[PDB]
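Asks: Please find one structure pasted underneath; my questions will follow.
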Amino acid sequence: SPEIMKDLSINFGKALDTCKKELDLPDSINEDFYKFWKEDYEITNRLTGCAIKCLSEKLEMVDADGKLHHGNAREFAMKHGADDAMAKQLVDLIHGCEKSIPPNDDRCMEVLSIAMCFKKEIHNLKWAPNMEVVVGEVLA
Ligand SMILES: CC/C=C\C=C/CCCCCCCCCC=O
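The letter at position 84 of the sequence shown is residue 84 when you use PDB author numbering, and the numbering goes up by one with no holes.
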């Protein structure tokens, strides 16, 4: 549902300022986060990809081979309201995106591609929250 996806979004973005400081990222990535869930908005900046990668790593969502860690993704989803079914459905969407995306040597671009594919799948399910919820109050 959009309500669960809002909560997952807020919690995924809570480390954004921490990741920006660790990576010395520029403020020109901020608008991409404010617009993350805006339908048809494409993020193209690889630096925003690096940030998304870091946010995933903060939640232990990347396994030792650079692919989704299903168990930790499931645990994250379920803490914030997903039942086992929704958790599985979310993980399957991300896995499906990993397998469909044009492959990329650059992890920041790979992550970006997976995020954009995932976003489109969530819109297709009518589960997208408001556009700006990943940021929450983290940049205020
Ligand atoms: C688990 C996500 C649920 C709600 C909102 C945002 C999640 C961020 C979507 C990006 C997915 C990152 C997967 C690629 C990680 C690099 O291997």
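Just so it is clear, CB atoms sit at the ideal spot from N, CA and C, and this is done for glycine as well.
Indicate the three-state DSSP secondary structure (helix, strand or coil) for residue 23 in the structure shown.
Replies: Looking up residue 23 in the sequence shown gives position 23. Of the three classes helix, strand and coil, the one that applies to residue 23 here is helix, per DSSP.
Asks: Taking residue 93 and residue 121 to be in contact with their CB atoms under 8 Å, please state how far apart those CB atoms are, rounded to whole angstroms.
Replies: As a working mapping, residue 93 is identified with position 93 in the sequence shown. As a working mapping, residue 121 is identified with position 121 in the sequence shown. Indeed they touch by this definition, with Cβ atoms about 5 Å apart.
Asks: Confirm the yes/no value for this check: CB of residue 114, any heavy atom of ligand 1, distance under 6 Å.
Replies: Position 114 of the sequence shown, counting from 1, holds the residue named residue 114. True, at least one ligand heavy atom lies under 6 Å from that Cβ.
Asks: Going by C-alpha distance, which of 109, 118 and 18 is nearest residue 95?
Replies: For the purposes of this step, residue 95 is taken as the residue at position 95 of the sequence shown. Taking only the C-alpha atoms, the option nearest residue 95 is 118.
Asks: Buried or exposed for residue 102, going by 16 or more other Cβ atoms inside 10 Å?
Replies: What you label residue 102 is simply residue 102 of the sequence shown in a count that begins at 1. Exposed, since its Cβ has fewer than 16 Cβ neighbours within 10 Å.
Asks: May I ask you to list the residues that DSSP assigns as paired with residue 62?
Replies: The count along the sequence shown starts at 1 and reaches residue 62 at position 62. Its beta-bridge partners are 68.
Asks: If I follow the unbroken alpha helix (DSSP H) through residue 115, where does it start and stop?
Replies: Your numbering for residue 115 matches position 115 in the sequence shown. It spans 107-124 - the alpha helix (DSSP H) in which residue 115 sits, taken as one unbroken run.
Asks: Going by the C-beta, is residue 8 closer than 6 Å to any heavy atom of ligand 1?
Replies: Translated into the one-based positions of the sequence shown, residue 8 becomes position 8. Yes.
Asks: Using a threshold of 7 Å, state whether the C-beta atoms of residue 66 and residue 109 are closer than that.
Replies: What you label residue 66 is simply residue 66 of the sequence shown in a count that begins at 1. What you label residue 109 is simply residue 109 of the sequence shown in a count that begins at 1. For residue 66 and residue 109, no; Cβs fall outside 7 Å.
Asks: For the alpha helix (DSSP H) containing residue 86, name the first residue and the last one.
Replies: Numbered from its first residue, the sequence shown carries residue 86 at position 86. Residue range 84-100 is occupied by the alpha helix (DSSP H) that includes residue 86.
Asks: Please name the residue, chosen from 97, 21 and 70, that lies closest to residue 87 on a Cα-to-Cα basis.
Replies: Counting from one through the sequence shown, the residue named residue 87 turns up at place 87. Out of 97, 21 and 70, 70 has the C-alpha closest to the C-alpha of residue 87.
Asks: Measuring only the C-alpha atoms, how far is residue 51 from residue 134?
Replies: To locate residue 51, count along the sequence shown from 1; it is residue 51. To locate residue 134, count along the sequence shown from 1; it is residue 134. About 12 Å.
Asks: What are the boundary residues of the alpha helix (DSSP H) that includes residue 41?
Replies: Along the sequence shown, read from residue 1 onward, the residue named residue 41 stands at position 41. No alpha helix (DSSP H) contains residue 41, which DSSP labels as neither H nor E.
Asks: Counting along the chain, where does the alpha helix (DSSP H) carrying residue 5 start and finish?
Replies: For the purposes of this step, residue 5 is taken as the residue at position 5 of the sequence shown. In the DSSP assignment, residue 5 falls within the alpha helix (DSSP H) that extends over 2-13.
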